[PDB]
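Remarks on the structure that follows.
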Amino acid sequence: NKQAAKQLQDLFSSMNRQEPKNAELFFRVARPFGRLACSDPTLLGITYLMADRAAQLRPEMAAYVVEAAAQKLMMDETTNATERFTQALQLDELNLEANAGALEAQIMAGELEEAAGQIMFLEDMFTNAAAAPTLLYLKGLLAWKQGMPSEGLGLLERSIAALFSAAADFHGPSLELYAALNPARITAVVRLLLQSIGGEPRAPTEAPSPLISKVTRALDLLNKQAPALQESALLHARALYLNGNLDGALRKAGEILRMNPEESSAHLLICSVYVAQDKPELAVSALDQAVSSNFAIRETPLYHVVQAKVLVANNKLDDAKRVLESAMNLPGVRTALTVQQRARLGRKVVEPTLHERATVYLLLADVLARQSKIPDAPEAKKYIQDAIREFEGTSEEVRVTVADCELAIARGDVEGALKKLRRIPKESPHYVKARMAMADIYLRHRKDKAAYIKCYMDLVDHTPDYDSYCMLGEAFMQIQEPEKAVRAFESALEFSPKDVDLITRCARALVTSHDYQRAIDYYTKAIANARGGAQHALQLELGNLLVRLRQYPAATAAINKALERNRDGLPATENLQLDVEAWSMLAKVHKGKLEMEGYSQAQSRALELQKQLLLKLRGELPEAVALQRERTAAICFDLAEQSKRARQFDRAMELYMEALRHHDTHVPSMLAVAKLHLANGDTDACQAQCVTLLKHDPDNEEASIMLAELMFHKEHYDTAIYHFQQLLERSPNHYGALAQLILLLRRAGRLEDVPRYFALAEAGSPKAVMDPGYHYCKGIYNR
Amino acid sequence: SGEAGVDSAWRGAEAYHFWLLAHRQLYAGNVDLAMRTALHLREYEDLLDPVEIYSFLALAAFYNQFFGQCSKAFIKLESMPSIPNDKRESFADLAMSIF
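So the protein lines, in turn, are chains E and C. Residues 272 to 403, 434 to 1084 in the deposited numbering are what the first sequence lists, from first letter to last. If you count the second sequence from 1, position 72 lands on 1086 in the deposited numbering, and the numbers rise without skipping.
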């Protein structure tokens, strides 16, 4: 805001000697970035300020006024959102943007059900407008506010897909992009879909939730559109924290803390991931990072959950209990806040999702159980029953019966937990997740595979969900019948394909059951869970499957087609490195096609592409400055090896030079140039490679051992036997090194540390005297 | 108590006698009889390390090229991984190459 604040201040100073209000002037002040106010609160003080100075000047046109009330609506501040939307409704009542935004304003101004009574007229006029962004976000938002998620999920994802299609015209993070990408409505969809999980850790190998996968894919696409938005990376890694991708969330939060100077929500995410990864001291370190950013972030349910369970992980029962009590005693988590508070408070209150509140109740129950002796305190049972009662029979619940299911897990009353789980028929709460909980408890804690499969028997009996038959497959995997595991995975998949996880789990059971044809068919039936580029899979991955099924001409077709790919937003040069890699293992396919000269040409063009990468892949995680000079060295190594297969070591000489000049520090390049100089008869060149390696690393096995033998070459065997006795101290019964040191010492005129290293070969290992190399070496010792 | 019969009475001592028999026969040219007396410990895998007998049978029966036992060994070396995931995935790759 700093340059923004000074530009605002001398802007308002400059407004004096020009027109203090002007229509097009004030529209162009903010409207490409007044499409949104969703990343930070710094976006408002100019966009809505001069939106008021433009629309209260004149509200006639719909674009900036409606979208400015929309960005007033992405922090749910209806007050001003309804003000501009209703001045539009007074001026242009029925429109693509005006009435759509007005109903959007209504459906979080407490009128959740009051903006869904004009369906016929709005539908016919919307069809007329489409025949002769805000509409689709309206439809998804309206479907979400009524209570049912799935229609809201689908139409909100359609809205963000349309805004991404509007985003695809731009080569990067642009102001015009932020107008057309519209991260306002997309961020609203994302934050409205983080409520399915909340502050909880999430796993896709459990009952898999594809909606957070869609959110992750969408935010990856918007990061591709704009790696210059803090909400892009922020909510992307937030969804990653809710998609089971935890360390990726850590890396993207570190990217945030790079791209913005600080971010309290990034530290919230880092400590959330750490406690979701169960990393307690790191969790409290990142918690104190957030605290140093702000201790005022404590009173919000996301940071309430993550700080509470960090301080549980930190084992500060005072701190964890005080965070959980501020969740309880101060309203906001104990009591579900109303929708009308969104108008009053702005970006402070959202309707608290019930997974998160029941998680708070469960955590407080568990810490009072730990404060007691048995894991059932009166307060523990009270909060378990509260996590039951406040979360019965709804869509956002996790505990109708799962709370005392887990409490009885703590008590060991798994069968009482089992009948408690019998009380619920479907995964409106955590039916399936407590199913796998008590089932794995039966499997390992109780050592009962029969009850392990019986839990999923009764789960598929109650709700025949796809995850239920998936865990039928998992228990059949356990019973040492992986074919049954396969068959229950197709039972799960052909019940309903709801996630790529299920079909790819079927493919993985086909992999472990040695039936790869349907495995890779499911890999070509699990194309991608959402958009982001399917032909990359359908070409490179498909060529990999053809390599697996041994179709190398088809591999060449698919992979040579793969290496002309592209992305959206900013397509960075990983397109070109994947072209290089597709060409390189395309050359590997050519080698598998027995084309030895075909290998030479294809791997030489991969060599020259990695020579580009030797100069163009140097930064962007800049370990590539060593990686690619290793890679082009190794590909000219493989081409030198092909020249050996073409029967020319002088070409191997040239490409060993070429590997040396790719990477000087390249240790096997020193080996290769030394060995084919010794083929030419150059011990001095090998000693020069020893010197260069000694510069590259002072104590290497090559450097020390072969330095020792190179002055041993003039009968200085003490250093040679010293380095080889170091070798058989480090590697006691290394039979090649055993033979080498024993013959060297014998030819050093020494038979004294010969049986010492024979005994050291069998000192720590009481199975070494019967070893074959030890047999041979002790034999030649007796010779 | 123990397994039925006087011949199966001291089933722990019998278990380790058969296990040391397997260990001796692995390097005495009797690798198949080591496989049979480790199939003896397919019952006696509870008192010893089950991963030890599993890897013993899998990595000296696949290398004996008993193709049905090769398939079962690679089932064990891919499904339910008790073999450490490095060599488990290496023999998974071999299963994806062999079978």
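Backbone N, C-alpha and C define an ideal beta-carbon position, used for all residues, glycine too.
Of all the CB atoms in chain E, is at least one closer than 8 Å to the CB of residue i?
i, result
"C/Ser1085", "yes"
"C/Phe1080", "no"
"C/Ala1072", "no"
"C/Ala1109", "yes"
Say whether chain C places a C-beta atom closer than 8 Å to the C-beta of residue i.
i, result
"E/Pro484", "no"
"E/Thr813", "yes"
"E/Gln389", "no"
"E/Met778", "yes"
"E/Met772", "no"
"E/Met1071", "yes"
How long is the line joining the alpha carbons of residue i and residue j, rounded to whole angstroms?
i, j, result
"E/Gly1080", "C/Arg1025", "40 Å"
"E/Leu365", "E/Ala352", "17 Å"
"E/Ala1040", "E/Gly774", "52 Å"
"E/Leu547", "E/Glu452", "28 Å"
"E/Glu1030", "E/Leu977", "31 Å"
"E/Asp347", "E/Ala376", "8 Å"
"E/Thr488", "E/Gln641", "21 Å"
"E/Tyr662", "E/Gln672", "15 Å"
"C/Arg1056", "C/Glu1092", "18 Å"
"E/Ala888", "E/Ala907", "7 Å"
"E/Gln1026", "C/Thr1051", "40 Å"
"E/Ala481", "E/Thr993", "57 Å"
"E/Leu314", "E/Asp281", "18 Å"
"E/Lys273", "E/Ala538", "26 Å"
"E/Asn293", "E/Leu328", "8 Å"
"E/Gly694", "E/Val701", "7 Å"
"E/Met1071", "C/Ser1096", "28 Å"
"E/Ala591", "E/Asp620", "15 Å"
"E/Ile1043", "E/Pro502", "58 Å"
"E/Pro434", "E/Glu657", "30 Å"
"E/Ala519", "E/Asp759", "36 Å"
"E/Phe283", "E/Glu921", "41 Å"
"C/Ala1029", "C/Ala1036", "10 Å"
"E/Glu1016", "E/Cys1078", "23 Å"
"C/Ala1106", "E/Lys720", "39 Å"
"E/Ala584", "E/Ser593", "14 Å"
List, in chain order, every chain E residue whose beta-carbon is nearer than 8 Å to that of residue i.
i, result
"C/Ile1089", "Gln781, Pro783, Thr813, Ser814, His815"
Decide if residue i is buried, meaning its Cβ has at least 16 other Cβ atoms within 10 Å, or exposed.
i, result
"E/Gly982", "exposed"
"C/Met1049", "buried"
"E/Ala308", "buried"
"E/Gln949", "exposed"
"E/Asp880", "buried"
"E/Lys727", "exposed"
"E/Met379", "buried"
"C/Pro1098", "exposed"
"E/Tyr1023", "exposed"
"E/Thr933", "buried"
"E/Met391", "exposed"
"E/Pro632", "exposed"
"E/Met449", "exposed"
"E/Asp687", "buried"
"C/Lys1090", "buried"
"E/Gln818", "exposed"
Could you work out which residues of chain E lie near residue i, taking near to mean beta carbons separated by less than 7 Å?
i, result
"C/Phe1113", "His815"
At a CB distance below 8 Å, what residues from the segment 720-732 of chain E approach chain C? Give them in sequence order. none
Tell me which residues of the segment 871-901 of chain E have at least one Cβ-Cβ distance to chain C shorter than 9 Å, keeping chain order. Residues of the segment 871-901 of chain E with a Cβ closer than 9 Å to any Cβ of chain C: none.
Can you give me, in chain order, the residues of the segment 1024-1050 of chain C that have a beta carbon less than 8 Å from any beta carbon in chain E? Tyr1041
For the segment 1089-1104 of chain C, which residues have a beta carbon sitting closer than 7 Å to at least one beta carbon of chain E? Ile1089, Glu1092, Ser1093, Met1094
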